[PDB]
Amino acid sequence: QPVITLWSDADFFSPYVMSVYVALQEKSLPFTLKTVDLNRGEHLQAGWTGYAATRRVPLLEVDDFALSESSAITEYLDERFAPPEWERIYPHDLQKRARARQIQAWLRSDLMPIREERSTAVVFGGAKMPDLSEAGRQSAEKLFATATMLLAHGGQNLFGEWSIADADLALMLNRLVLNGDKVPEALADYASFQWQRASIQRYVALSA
């Protein structure tokens, strides 16, 4: 049994920490949760292991191996703790897996106005934010249109069975849904359904 440690921000607000946390829970992997206070710059001092990685959370330690970047981490988890012995968190189908990777990489590198104007303080901290800027509206429209195309098959999950991409997409949608913003009904249904995920709800409880 490897010793697994997950490093979180001190508020448990990070969507990227959430992604890793969810992956661990879905595989029933035992782990220790530790924190760094980003607001006080605990990440920008060399006392924590993550200063030597990318100086960001999440960081996952598995025995003597330390790895940053949530998607790198979850991909590693799915390879190291592989099906059938552990539950798979990426689609088995080549193309669906590629689409899952597309979604993850897209969410991490686009939609900055939503990430800034609808931070995870809305999602995990009960914060309420003012109307979106026009830049925010543009990002919202792209999000909506993209999610609608991905979910056009009418299924509950992106790729049939639940995958880690569902958690990440649901979080992004919930930045808007949980702020009380106007969201297409089918997308609000998806986001609220996915947010009930036991693994997600366990993470939600951390910042309660």
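The numbering used is simple: start at 1 and walk along the sequence shown.
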query	finding
100-108 versus 73-81 - which carries the larger mean C-alpha B factor in the record	73-81
Segment of higher mean CA temperature factor, 30-38 or 139-147	30-38
Selection from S163, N174, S68, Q156 [criterion: highest C-alpha temperature factor in the record]	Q156
Criterion, highest CA B-factor; candidates, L44, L169, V57, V62	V62
Entry-reported Cα temperature factor of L24, expressed as the chain third it lands in	middle
Chain third (lowest, middle, highest) by recorded CA B-factor, residue given as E117	lowest
Third of chain Cα B-factors occupied by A188	middle
